[PDB]
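Hydrogens, waters and symmetry mates play no part in the numbers below; they use all other heavy atoms, side chains included. Just follow the structure's listing: the first ligand is 1, and inside any ligand the first atom is 1. Chain identifiers are assigned alphabetically (A, B, ...) following the order of the sequence lines, protein sequences preceding nucleic acid strands; residue numbering begins at 1 within each chain.
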Protein chains: 4
Amino acid sequence: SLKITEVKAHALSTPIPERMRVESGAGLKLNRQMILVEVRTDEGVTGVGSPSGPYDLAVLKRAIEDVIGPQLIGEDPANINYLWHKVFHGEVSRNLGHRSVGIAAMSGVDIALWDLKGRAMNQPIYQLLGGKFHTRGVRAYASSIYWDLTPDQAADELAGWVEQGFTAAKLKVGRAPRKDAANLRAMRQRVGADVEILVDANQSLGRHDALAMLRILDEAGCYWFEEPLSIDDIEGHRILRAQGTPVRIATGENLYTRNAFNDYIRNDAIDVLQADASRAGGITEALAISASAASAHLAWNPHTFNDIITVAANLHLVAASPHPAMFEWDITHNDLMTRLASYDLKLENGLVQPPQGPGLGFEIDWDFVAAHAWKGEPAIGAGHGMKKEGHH
Amino acid sequence: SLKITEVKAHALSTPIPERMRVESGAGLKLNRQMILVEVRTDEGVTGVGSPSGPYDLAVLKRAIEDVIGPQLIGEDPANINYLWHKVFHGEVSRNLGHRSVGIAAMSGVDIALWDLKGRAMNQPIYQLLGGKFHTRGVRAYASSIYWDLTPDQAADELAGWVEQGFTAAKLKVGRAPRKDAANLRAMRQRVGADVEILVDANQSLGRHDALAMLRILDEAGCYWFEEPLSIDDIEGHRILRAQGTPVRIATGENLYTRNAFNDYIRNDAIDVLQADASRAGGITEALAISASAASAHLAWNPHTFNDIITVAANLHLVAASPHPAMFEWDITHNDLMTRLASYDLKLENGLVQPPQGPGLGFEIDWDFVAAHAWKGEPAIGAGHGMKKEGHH
Amino acid sequence: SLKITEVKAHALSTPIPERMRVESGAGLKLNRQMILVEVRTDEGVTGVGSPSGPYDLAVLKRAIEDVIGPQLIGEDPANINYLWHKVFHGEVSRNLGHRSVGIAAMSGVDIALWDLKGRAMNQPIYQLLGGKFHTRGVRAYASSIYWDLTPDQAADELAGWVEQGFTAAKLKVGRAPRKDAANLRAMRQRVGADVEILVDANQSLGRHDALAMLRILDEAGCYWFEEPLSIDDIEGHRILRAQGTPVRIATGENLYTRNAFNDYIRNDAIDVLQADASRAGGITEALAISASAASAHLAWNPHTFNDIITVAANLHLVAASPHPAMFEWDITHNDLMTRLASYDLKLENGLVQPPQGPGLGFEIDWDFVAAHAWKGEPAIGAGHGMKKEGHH
Amino acid sequence: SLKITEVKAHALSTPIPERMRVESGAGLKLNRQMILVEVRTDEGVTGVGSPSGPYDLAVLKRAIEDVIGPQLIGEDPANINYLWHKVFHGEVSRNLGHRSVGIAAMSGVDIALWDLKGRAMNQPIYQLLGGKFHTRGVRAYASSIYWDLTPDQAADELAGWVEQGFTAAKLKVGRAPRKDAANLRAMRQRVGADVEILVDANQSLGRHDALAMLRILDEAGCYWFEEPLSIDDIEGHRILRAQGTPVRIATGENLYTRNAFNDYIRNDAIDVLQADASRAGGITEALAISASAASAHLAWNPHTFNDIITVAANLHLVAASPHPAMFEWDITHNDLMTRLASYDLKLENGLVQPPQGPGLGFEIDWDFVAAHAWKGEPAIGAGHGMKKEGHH
Ligand code: NA
Ligand code: NA
Ligand code: NA
Ligand code: NA
């Protein structure tokens, strides 16, 4: 058996041209960043992973290398189930907080342990997980069409993504609801009924404006309403789902561990769980959340937005899971989607395929890694939520 | 008006001699640590605070100085309410996690803003909060009698705290429930019926063993059962409360913001909310939680255990609030309770009094701060939770 | 420390020209009255307050000077939290009734204690409360457009208030629902979508007519439906909220203490709590109600309508609270809004600012006080509610 | 038809010798007071009533004569149902508070209208109400055995009331629950199983101590637990009822109108409604509450404690109602029970009989009324409630 010898966290940053920066309720994007986790062993088998973002890269590096890492040195990396609980109970729940950047830090390390296990077996992760459910491929959506567009501009962007071969795309809303509505109406008129239109408010609305928005999403035939309210208001999400519309209420990028999703389920407050393998606790935890969603006759469609590793880790689980695919694919300017690894966007009839090599299924460009060390750049400007909080 | 010029986080560690290290379900105590936050202004008015612990000091320093602090520089510190929400929505919820060490970091900065405001006004914080409710004083309990004791030892430690003037004390339980029960029985036999006995399992029990323990606490007339289960299992806390015993179900040191407490209230799952002003979001947040507890006809009795600043911040609010007092006082070896500041334990008829000077009400020994810089020492050993999780 | 030496209640009345008298379901206004509470101390620091109205001025004076006052003489006014509970439990709940004009009488005295504390500290009340949340200013609405208008008249009045610089206003309804509906439709057509239109039925409707009204308010995009039903029918308010419209169900001017609002919250029966610091128990109690509203992800927007002191006391708390501002400003003929104190209406971009002096933040014109002593004038004609009760 | 010409409120006080003053959670009794209401008509037919107490006599006199009375002058007193609602909607709900000393004032005037109507018809009130249900008589209990007793004293006071002919009596509890329990145990031991023992805590306990006390009341076979908690905590009363003991949960002397009782019924929170016809709204209102209790399969057993008019008004209704009788009879020193009127205690086989003359059924000693004008004496010392609130 192997022994883990080191847990490393490489802070990386890549720039975005000013005119390509986009804004949602999460804030104005400034640089696309990540931590590349590397777990090394005594026989030279290495796994890599990512704890998503944006968080703060110094906080993630310290958590991974100095809080979680020590609990792993000397251990057999094959016992990923044991190591997840050893780290959660030993340190991270109490000492970084139970719904925290520490859970995202664990997620990066858990993805690297799964990558390491697939490489040790010479199999792609989806094969360990029981092989494909989606044998034809996984239906993707273009993420996303951002704020600051007129309705003809939002419809032209959607149409462009449809032309590139997507069959679905997502619009960010929440700052100017009359304008969001006009964007949706123009987008639906442009593409017709077979392209799916998803909407994401990044927690920017209150309950009454979310109810008014849901009526427009229902009229426009939208597939889901993501983060319509603060993730802290579970009853508001039940109220939106209780309207009985065909529009799914979706959340989960900012909820952590299966415990959060069980509280939404128990309160009849969710249709689509969006737990991200790279944020909500790892592949090990997202596996459990996907199964709990199916048990409650709901769907799991992860958030995937940060880098090609968070995309690939979720894509292995989505391909192996019995849920309808609605697979998030970042189409914004992001070198971590094109230059870190050899696995790229390739759509055929609106579907992507999981990488096919061992582990996550591709190799890292270590020369790109070495050239993009973080030097203190910010990832994202201040996020929103003060308006709906009540600040004029 | 003032302008904030700097937000500083001094990482401090103080040792614990091997024989004086106690152990609970949170793990074996190794060093008593803190961050001393210092908010400076252009006119030289400084506030100090603490984000409690144990949490990793490098993660707290980076959150405070580099994630929170940039949102404060140049702002008028007098608008604490605005700054709390600017920091929560602009950075901490999304980018450090909504129930996280980022919320503890906010709490330490929020305490420092209150301390600065009281120093600016020449008033102790409790006067700003509407003055005392507890005009005679605040009833304290000795925290705690720990694991590894025989029944006669636990009874002798209790009688010792009684002899010192305490009218209540807390026993830690959860590793060996037959021994815990024998300790309680001996303790109650020793002191009779008017001394209150609190029990705290630090999340170390499952539901069935906590149901079995609650029968013993009811027979022993215990005042509350603290952290009986994982903070993640709200329904199990409802099940214990639904037994209708006179023993209060209490939790809150590891729950964050008023949102977590509202979920417990809405599920009939809590009698005593223990949100700590230095962990759950600040004096600003704990004020809202104390009022929400009173509206639901429940009580707020905070966790206070880390240092004399986390003690004092909560004591100002406790003194001002209309709850029965059951005020946590750490009686374990802790130089952060004796040597940081000029306020100490002074028990009279079982009661303590809040500091009376401006702000938090005492000044810091900055020679003590300079002599105890953290050098990478760990605060606490690995916590427990794997046993009840299922690891034999 | 100070000692309270006297609690005085000055009964005042000011006239309204016949043609400027307006009617709502509360009755036809006849004279704008108040009690000016004055709390004096042994060192000459005085606080002033008001217990709102209309009540009966002799009942309020007797309650303040002879029921509540005796409990305060000799006490340190700094312990406002203690004094509130001393008076509630000692006398007012049992001996004036738990939801009563005695709670309003306590509120006047509690505002004066807060004014006294701000003056003693040389700070505006909002600073004690943690400073501003609304750092830009507080969005006001013009209260109100009354009964007896045709639709073109109601739209002309709204348009006039918009011209004066309000961005919102409230219409009184409930006597002739077809006419109220026509008024709303004309008002919305006149101003377009960005001005907020609020509706207040002063308890004048039953459940089925309130359901029919809510449909028209939803069509007209109204911000809230205030006192749609008797305050005694909590289930009727749940039924209106359960329709799931974007129109908030609002009540609270005639509900007392946080206990009333907890019963609405627990029954899913309210969106906007309108507890008035000068009626529902004081600044101390409205602080607790504002925080309980936020904890339940609802809003607190006080009723403020009586005099410039009830306006200012609420405005200090609104400015410091994290709720959307929708701040009631009496625009009817009322000398107690223009001549009692130096703080006046001043709108900039639809917002008001809190007074900036110590305490409530302005000085009283004691020569105006001395010239407007009550001489037995009525404040308000008989109120309504017999029609919906069933009287043809 | 008649026309009302005057509504008068005679403020009366009668002393209590120091040794005969008893104390409960409502406070230490000092003077037994009342308002004797007198409604006069143009043909000289007068009705009398009482709004119970203790409530401040100047507040009651002003409410009666100057707020309620002007709505009655010139009206036909025969339309009691119309006048009740005219007064509630026209003035008292809004302008004195919906659960208030204004509702007690209404009750005293409503009693006088019933008394006038019975005198006009030459019939006792119970005949108007459909005659007797309790054709044999009404089972009374001795109210009460108070604080400050040893167990042998409380047992001897109980056995004394038994020797006088009572088959039931009430013990006041709440200051020292170990002593209360010892008093009960001694009392039950003394009288055996057929004498009913009632317990009344006058809102002086929190939920956990009331749960502990309810176990003792169940062991002692007690008939009811009255005002176990604040009247403001409906959910705590549900919790006590949900224990499923044979001990009835009873409250109502400090709850107003049928709306308060409907909220307790709808929350499964009451077994015995104690609305007093002289406090909760009148004979008119208590008739509706008694019927609402019977529809829910619960009981109405009113509080009656203030004077022989509050006694007699409730006894007419009790005699006519199909509830088990447990009729409160004040056995404490009270000249308002012996010297106001010609009806007194006459116990036969444990039962009393309602007065048999017109109206309330007796005439007033108007020389006694003229000799006991109130001169500003207090009725009751400060009540209790600060202890359970949390003041040590
Ligand atoms: Na999203
Ligand atoms: Na604890
Ligand atoms: Na109103
Ligand atoms: Na009673």
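- Under a cutoff of 6.0 Å and an axis angle of 45°, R248(C) and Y223(C) form a cation-pi pair.
- For the Na ion (ligand 1), the set of nearby N, O or S atoms under 3.0 Å includes one belonging to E226(A).
- Closest approach between the Na ion (ligand 2) and any N/O/S atom of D200(B) involves OD2.
- Shown are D200(B), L184(B), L217(B); of these, the side chain to side chain contact (heavy atoms under 4.5 Å, CB included) with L171(B) is made only by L184(B).
- Salt bridge absent: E23(C) and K29(C) never bring a charged side-chain N and a carboxylate O closer than 4.0 Å.
- Put simply, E227(C) stays out of reach of the Na ion (ligand 3), with no N, O or S atom under 3.0 Å from it.
- The closest side-chain heavy-atom distance from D330(B) to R32(B) is below 4.5 Å.
- When the Na ion (ligand 3) is compared with the N/O/S atoms of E253(C), atom OE1 turns out nearest.
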